[PDB]
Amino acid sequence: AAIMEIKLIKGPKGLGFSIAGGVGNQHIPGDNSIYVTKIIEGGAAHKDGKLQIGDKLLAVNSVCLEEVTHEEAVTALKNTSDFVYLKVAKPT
């Protein structure tokens, strides 16, 4: 849909959301993409307040999140440091 780029400061606890999706772990039938399922209270994503449950993750910094496995996505999002560009697209 509309490409949103959200800029986040990584909190001590991490980014403050949870994801599902990936190759071999579809969150929706026929769709491999990475989705945000939860935004925890008091976290970085919550307090910035642009990210939303249901949002498809497209990229984190210099790493692409289209058609990757759940594990490639998890290491990509956890191997960040302090400052993060998050590319997402909002649901239709």
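The first residue of the shown sequence is 1; numbering continues from there.
Here the stretch with the larger average CA B-factor, out of 23-31 and 53-61, is 23-31. For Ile6, the recorded CA temperature factor ranks within the lowest third of the chain's modelled residues.
The entry lists a Cα temperature factor for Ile40 that places it in the highest third of the chain's modelled residues. For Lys78, the recorded CA temperature factor ranks within the lowest third of the chain's modelled residues.
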